[PDB]
Structure formats: C-alpha cells, structure tokens
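[1] Here goes the first bit of my complex:
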Amino acid sequence: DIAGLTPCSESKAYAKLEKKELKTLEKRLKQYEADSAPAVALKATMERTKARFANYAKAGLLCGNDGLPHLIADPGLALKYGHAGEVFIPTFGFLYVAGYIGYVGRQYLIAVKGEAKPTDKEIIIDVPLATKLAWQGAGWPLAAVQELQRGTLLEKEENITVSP
Amino acid sequence: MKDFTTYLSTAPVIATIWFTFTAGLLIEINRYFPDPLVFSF
Amino acid sequence: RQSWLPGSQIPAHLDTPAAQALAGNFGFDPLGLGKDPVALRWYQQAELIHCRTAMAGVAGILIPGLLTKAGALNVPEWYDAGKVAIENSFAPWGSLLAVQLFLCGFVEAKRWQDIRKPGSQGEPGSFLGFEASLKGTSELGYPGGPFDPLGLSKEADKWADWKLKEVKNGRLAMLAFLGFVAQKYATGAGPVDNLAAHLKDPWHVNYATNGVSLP
Amino acid sequence: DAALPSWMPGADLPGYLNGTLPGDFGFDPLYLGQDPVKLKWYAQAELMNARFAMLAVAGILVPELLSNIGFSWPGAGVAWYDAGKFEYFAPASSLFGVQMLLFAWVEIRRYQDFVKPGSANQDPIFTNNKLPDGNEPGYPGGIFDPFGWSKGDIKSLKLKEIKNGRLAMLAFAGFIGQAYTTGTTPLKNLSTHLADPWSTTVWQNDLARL
C-alpha cells in the first residue's frame, strides 16, 4: 500500500487470477493420459506457474485494482518501502552492461584509428584485439571517470560544423 | 585456412555468432531461472 | 620479476620505474585498470586504505573470535555484534553514525587533499601548531611523523620489506573479509566455527557441500 | 661454505653462515637469514628464545625432580600447566602487572643495546657502575659474569650456550605436545617410556588415541 496499492500476497484479485489460470491449464490437462508427455508438459507448466505466483508474493510486489504486479520506479519510495529490486536495482544492473558495451565499442574504435586503413578492420573485426578489450573493459566506470577528469573523453572544437 | 578464419571474423558472421551467444546465454538463464520479473535473492 | 603467473607478459604499465618502485607489484592487472599513471597512483592509495581497514577489521573479527572460542571473552559473532553493543551504549545508530562521519570525514577529506597535492596539510597556519608534522614522506600513502610513534620509517633499507609485508598481510586480510561475508551467507555459522568444521572433517565439510558451488 | 662442521656432512651451503655466529652448521634450508638485517635479528632472537627455554626446562624438571623424590614445598608436585591456577600471596593479574613493568625496563634496556652496542652500560642513578666496553649484543658481561668467566675461550662457551640452548627449546617444545597429548607430567612420561620402552613410542600412543 504505497499509491492506492496493496501487496499481492494480500490482494484477492491476484489470487483470483492465479486460480483463473490454473483452471484453464487443468481443463486443458483433462484431455490426456496421466503418463502422456502432453500432460507431463502441462503439469510442468503449472509448477512453473504456481511457483511464479509464489515468488511474486514472496518479493512483496504491489497489486492494485486489477490484481497485477505494479512497479514503483522512484527511489525514496522503493528504498523506503523495500522495492529497489523492481526498478532501482535493475536501473544500475542495466547501466553497468550498457556502458560496458559502449566502452568496449569505444575502445575498439579508438584503438583502430592508428592504422593503415581502419575501415577494413570494421568489416574484419580483429578478434584477438576485440576480445582483449572485451575482457579488460570490466572495470569501465573505474576507467571512464578517470578519463572524464582529464579532458580526453571529450574531443574539443575540432568537431565538424556547418555555419556557426 | 587463415583466409577462412578471416571470413569467420567478418562483420555478419561475428554478428550471427555473438547473437547466438547472447541469445543462447539468455535462453539458458531463462530456462534455469523461470520468469524473472523482479530481482530476488 | 616474481609474477603472479610465471609465464605471462606483465603489462607494461606495471614495469615502468614509477610502478616497479611499488609494494606488491606482482604484475597483476588483467583488466588494465591502472594504465593511466595518476589512475595507478589513485588506485594505489585505494589499495593501501582498503587493506589497512581490512587488517584492522579482520583483527576485530577473529582475534575476539579466537579469544572467545578459547574462553576469557564473551564477544559474540561479528554478524551479530552490531545488534549487541548498542544496548550496552548510549546513542541510536543514527546518532552514532553521524558523529562517526563527522570524525571520519574530517580525516578523509584531509587525506583527499594530500593525495591531490602532497604536503598540502604541511602549509603553515592550517592547524594550531600541529600542521607541521603532516607533510607525509616523499612518497604518499605513508605519512609517518605522528603516525609512526615507534619510528620504523627512518631506515631507507629494510623499508621496502615493511612496505611489502604490509601489503601482503593487507591483501590477505581483504580476502579474509570477503571470506567472512561469504562464509556467513553460505552457512550462517561463525568463521572460527567454519574453521572448526573444516578441521574436524576436511574431506566432507567445505564449500563443495553447500548450495553455492552448485553445478 | 668451508670445512666448517655441517648438519648434513657434504651438503652444499648457503654461503652466509661462515662461522662468526655462535654454533652454526649451515642449517637454513628455508633461506630465512639471507638478509643480514634479518640474520642479526634472528641471532639475538635465537639466544633469547634459547635462554628462556633453559630457564623453562630447568624450571619444570627440577621442581618435578625434587618432588617425585619427595621434598616439602608449598608448591610440590603441582604440574607446570597447573601452576597458573595455583594461588599465592596475590592474584596472578597483579603479578603480571609487575612483570610488564620490570621487563619493560630490561627489554628496552636490551633493545637499546641492540640498536647501538656499547651505549647501554650505565646505571641511571649509580653513575660509576658500568659494564666494560667491547661487548656484543647478547653477551653483556661485567656484573652479568660475576664468577669471572669468559676471560678466554669465549667461542666454545658460546657454542656450549647455543647447544645447551637448542636442546632446551626442543625440550620445551617437547613439553608442550607431550603434555597435551597424554596429559601427564613430562617427567612422568619418562616413567612409562622406561617402564616398557617398546610398548610406548609416540606412534602407539598416537594410534591408541586415534
């Protein structure tokens, strides 16, 4: 109960919709023998389903008027009420991987311009070079903020313009 | 076969190997971790 | 010289004379994080102070832990010793951490400026006559003066020994604390309790018999 | 690396154990004392751990030797591990407070001799009494030699001191384990090994306990 909401372990339309889905799976399950793999598959679907509802209520996800897990994307309402795993943890779990791919792709382009013809090595990726920058870019925020302090991250007004 | 490894190191071939890597990694994780809507512990 | 892998090419930013003049230089940088020289100099200051806080920390965990399992103390486990000693106390933890960050923050922000410019706090008129002894040494991370009461600094030989003994006991203590956290999540017992469990049955009681080296 | 006596006769030598130190035979297989700033420390570290052990083994055996003969002491027959709980005119905390101040004199007097030899031989309040000059750290002399020894043949007496010392450090390290496994007085472990020497080695007492 943060913004008119309720815990999904406490709401009833959530549990009503769980019983709605398991009803649809079981009336689909009835057409098969109890040994048959079209019934082994559906009972494995249920145990993935029933554990999914158990795990969403375990994490304390917020339901509402429709009985669905609602997310809270604000720190200070997720840090305070124990919901940083909804948005506030994957907003840095993403931005680690995002700037990682950016930094590896940056370092591959920076370390290819001092060559004979760098356009050839954007077709033919230097795999012993590219994987070497791939592994060693794992501390990229530790390397970027040191490059941020110099002035070597931002190229100056050598950049190309039209008519300022 | 050095010329054959250049072909394996072109742009679309590394793209179709790395995308089978990255999808195939996320497929195996989403098998052994069924339905991660929220970061649990 | 004496690399962490005897067959590896040591990266070139650990073989410069401003990097081979450094304690704990075993050629170990498989991410290249200290290729920039001031970034090496900044991370060298991060390693000295992550290790000295860990050596003080680990000696605040196992030394009152070994001297509890042997009797003559009643200090509880380190993951529960924050819960106790606040009732044998006077402030809330909020009222205690804020005075902590004031006291620690005055120190750390002076060490911050001495890293930025060595001999910062040795300028006259900073303190009340006490600022004279705060120029450090010719190399940073090793202040001396009032931080060396026994006077071990003034040798210039046996000195790289005390450097490298500090770092190696320091790096071992950082792995010890990364130990202590991990051997509290995985089994919930004490670190000396995990040492007692491994000594009474080495070949069955380890991290191969819990759910964290799972296949 | 000469015709010095050796711990393994014919073995190669480290080269820095020529013979100036008291009673060397080249035994340093871990190469611990290559640095002379560590070897000078380890030489004095050997003598102090030796001399306190010769006090220890003579301080354990002789109160047990003259008690199993049977004399009358206030502490008679009490074990050396059972002498800590034994009561005295004072609790053992206050005794430890006296030690940590009297030795804080003597050890710092001895350490000031180690950092500069020839600069510790003067009393504070009696400024006529002094030990004679020319001594080395670990061998003060003067009033420390009241019977008038060390006036000739000092090398063999230092060799006797380190050999009677190294036997004692092995004996006190004997006293630790051999009173921890079987839990008896280590003069009375000699009684079982002289009762039936063939039916109690270290192996059969290990294997019976295992």
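    Thanks, I have the structure now. Residues are numbered from 1 along each chain as shown, chains lettered A, B, ... in the order given.

[2] So for residue D:84, what's the nearest residue that isn't a sequence neighbour?
    Nearest residue to residue D:84 in three dimensions, chain neighbours excluded: residue D:92, at 6.7 Å (C-beta to C-beta, 6 or more residues apart in numbering or on different chains). Where you see a C-beta, it was placed from the backbone N, CA and C, and this is true even at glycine.

[3] Residue D:88 - nearest residue in space that isn't next to it in sequence?
    Per C-beta to C-beta, 6+ apart, closest to residue D:88 is residue D:95, 7.2 Å.

[4] and stretch D:131-146, which residues are buried?
    If you call a residue buried by 16 or more other C-beta atoms under 10 Å in any protein chain shown, then stretch D:131-146 has these buried ones: D:131, D:135, D:137, D:138, D:140, D:141.

[5] whoops, I mixed them up, stretch D:92-110
    Those would be residue D:110, for stretch D:92-110 by 16+ other C-beta under 10 Å.

[6] So what touches that stretch?
    Under the contact criterion C-beta atoms under 8 Å, 6 or more residues apart in numbering or on different chains, stretch D:92-110 has outside partners D:84, D:88, D:120, D:137.

[7] If we use 10 Å, what do you get?
    Stretch D:92-110 has contacts (C-beta atoms under 10 Å, 6 or more residues apart in numbering or on different chains) with D:44, D:48, D:83-86, D:88-90, D:120-121, D:124, D:137-138, D:140.

[8] what distance separates stretch D:169-186 from the centre of its chain?
    From the chain centre to the centre of stretch D:169-186 is a distance of 16 Å (C-alpha atoms, centre = their mean, to the nearest Å).

[9] And that stretch, what's buried?
    So for stretch D:169-186, counting by 16+ other C-beta under 10 Å, buried means D:169, D:171, D:172, D:175, D:178, D:179, D:182, D:185, D:186.

[10] residue contacts, the second one?
    In other words, residue D:171. D:53, D:54, D:56, D:57, D:58, D:60, D:61, D:178, D:186.

[11] Just the buried ones among these, please.
    Buried subset of these (neighbour count, 16+ other C-beta under 10 Å): D:53, D:54, D:56, D:57, D:60, D:61, D:178, D:186.

[12] Now the residue nearest the centre of chain D. Nearest residue, chain neighbours left out?
    Geometric centre of chain D, nearest residue: residue D:50, 2.3 Å, by C-alpha atoms, centre = their mean. In space, and not counting its chain neighbours, residue D:50 is closest to residue D:165: 2.9 Å by C-beta to C-beta, 6+ apart.

[13] again, but for residue C:144
    Of all residues not flanking residue C:144 in the chain, residue C:153 sits nearest, at 4.5 Å (C-beta to C-beta, 6+ apart).

[14] same deal with residue A:141?
    Closest residue to residue A:141 apart from its sequence neighbours, by C-beta to C-beta, 6+ apart: residue A:99 at 6.9 Å.

[15] re the thing from before, so the residue nearest to the centre of chain D is in which element?
    Under the criterion DSSP states H and E, the helix or strand holding residue D:50 is helix D:36-68.

[16] that older thread, could I get the buried residues of stretch D:131-146 as TSV with secondary structure and distance to chain A?
    Converted to TSV, those look like this (DSSP: H, G, I helix; E, B strand; the rest coil; distance: C-beta to the nearest C-beta, whole Å):
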residue	secondary structure	distance to chain A
D:131	coil	61
D:135	coil	58
D:137	coil	50
D:138	coil	52
D:140	coil	57
D:141	coil	61
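
[17] attach chain E to the model above:
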Amino acid sequence: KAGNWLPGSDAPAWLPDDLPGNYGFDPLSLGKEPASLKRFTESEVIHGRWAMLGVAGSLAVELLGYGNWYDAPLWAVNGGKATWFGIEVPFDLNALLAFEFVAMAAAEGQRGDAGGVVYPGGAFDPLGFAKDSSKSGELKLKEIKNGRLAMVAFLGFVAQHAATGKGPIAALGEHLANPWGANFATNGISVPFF
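    Same chains as before, plus chain E:
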C-alpha cells in the same frame, strides 16, 4: 640539556639545549618547525601551570574532606547549594558559567592574543625570584618538572576514576591497605585478561 630520557639516544637537532625542560624527547619529530615548537613551549607551561592548580585542587578537597574532584560538580545536577570551605555560595550553574565565560575570556584575551610570552616580566612576579640574570633557567626547569608531574598525575586521576571509580586519596589508602591486590591489574579494565 641536563638529561637524555633514554640514555644512548641521539638528540634531535631542532631542540635547542638552552630551553628549560629539554631532554631531546620528541620521537615524533613533532616540533621540527620553529613556529610549531615556539607555540608548544608556550602551551606546555600553561598546560603545566593549570594542571598544577588542577591537581592541587583535586588533592586538597580530599585532604580537607569535601568529597573528591569528580563529585564537586554534582550540585548542578541532583540538587544544589554548592559549597566551598563548607561555606555556601548561592549561585546556580547557569550564572557562574556565564561569569566564568566573560571574565575568563577577558583574562585569556589579555594573555593569549596580546603576544606569545609565557614568562611575563613584571606584575606576575610579586616577590621576585627570576630576574632573568642567572637563576631564571633553573627555576623555569623546576616549573616544568613539577608541571609535567602534575599533568601525568591528573591523567592518573581520570584513568584511575574511569577504572575504579574512587578518588586519589580514597584509593591510595587502598594501595597501602593491600599492596598486591589494590593496583591497576586487579580491576578487569587496565589489563583485560588476567
């Protein structure tokens, strides 16, 4: 000079032998700059003089029987009616604290930020002993030595009261009543183990 504090040690070059109370005792090299040392020679005497007044007031209360030094500010809390020589003084805490803030800063500002002198020649020598001719550095040495003893002894009052909770004479009588059982080791504070 007149002393070495650890015989055989070299003397620090930044401690002049002319200075009263000198032994060459600065293992931290804590006064290597001359302005820092000049402030410290001012501050050691004033710490020494206030502690000699401090340790005398802590003793003469128990020598005259008025509780101890720790219990003399136990009227501002848990009651009132402060005493001195047994005589009442009808001041609460919040008035004399304001009196000793104005009047003491009025004597500090005449002392501290009006120079840097620590042996003022003139009105602070009523009878006249040190006319700075010959007997000055001798009596300045004694003011340091009795002063350094007082700063140790006051630190030996706070740590004694933090450990045992008893006053100076109240436990000096106990060390004389039990020489081996009333020292700093029988309490489980100064030595934690035995």
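
[18] Chain E added, so what about the buried residues of stretch D:92-110 now?
    Buried residues in stretch D:92-110 (16+ other C-beta under 10 Å): D:93, D:94, D:97, D:109, D:110.

[19] quick one on the thing from earlier: elements contacting the helix holding residue D:50?
    The criterion is 3 or more C-beta pairs under 10 Å, 6 or more residues apart in numbering or on different chains; DSSP states H and E, and the helices and strands that helix D:36-68 contacts are helix D:92-115, helix D:154-180.

[20] rerun at 6 Å
    Counting contacts by 3 or more C-beta pairs under 6 Å, 6 or more residues apart in numbering or on different chains; DSSP states H and E, helix D:36-68 packs against helix D:154-180.

[21] tally of neighbours for whichever residue of chain A sits closest to chain E?
    The nearest approach of chain A to chain E comes at residue A:149, 33.5 Å away (C-beta to the nearest C-beta). Residue A:149 is flanked by 13 other residues according to other C-beta atoms under 10 Å in any protein chain shown.

[22] State the distance from it to residue A:143.
    11 Å (C-beta to C-beta, to the nearest Å).

[23] for residue A:10, same thing?
    According to C-beta to C-beta, residue A:10 and residue A:143 sit 46 Å apart.

[24] who has more neighbours, the two?
    residue A:143 (21 against 13).

[25] so the more buried one is in which element?
    Using DSSP H and E, residue A:143 sits in helix A:140-150.

[26] And the contacts of that helix?
    A:100, A:103, A:153, C:33, C:36, C:39 (C-beta atoms under 6 Å, 6 or more residues apart in numbering or on different chains).

[27] give me the residue from chain C nearest chain D.
    Taking C-beta to the nearest C-beta, chain C has residue C:158 as its residue nearest chain D, at 5.2 Å.

[28] That residue contacts residue D:37, doesn't it?
    Yes - counting by C-beta atoms under 6 Å, residue C:158 touches residue D:37, with 5.2 Å between them.

[29] got the buried residues for the longest helix that chain C contains?
    Longest helix in chain C, counting residues (DSSP state H): helix C:159-185. Residues C:163, C:166-167, C:170-171, C:173-174, C:176-177, C:179-180, C:183-184 are the ones in helix C:159-185 that count as buried (16+ other C-beta under 10 Å).

[30] Centre of the chain to it, how far?
    6 Å.

[31] any idea of the angle whatever helix or strand comes next after that helix forms with helix C:159-185?
    Using DSSP H and E, the helix or strand that follows helix C:159-185 in sequence is helix C:191-200. Using axes from the mean of the first three to the mean of the last three C-alpha atoms, to 10 degrees, the inter-axis angle of helix C:191-200 relative to helix C:159-185 is 90 degrees.

[32] Output helix C:191-200 as CSV, restricted to C-alpha atoms.
    The C-alpha coordinates for helix C:191-200 follow below in CSV (Å, rounded to 0.1, in the frame of the first residue of the first chain):
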residue,chain,number,x,y,z
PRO,C,191,34.3,-18.1,10.9
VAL,C,192,36.1,-19.9,13.7
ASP,C,193,33.1,-22.3,13.6
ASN,C,194,33.8,-22.8,9.9
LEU,C,195,37.5,-23.4,10.8
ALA,C,196,36.5,-25.9,13.4
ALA,C,197,34.1,-27.6,11.0
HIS,C,198,36.8,-27.9,8.3
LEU,C,199,39.4,-29.3,10.8
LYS,C,200,37.2,-32.0,12.2
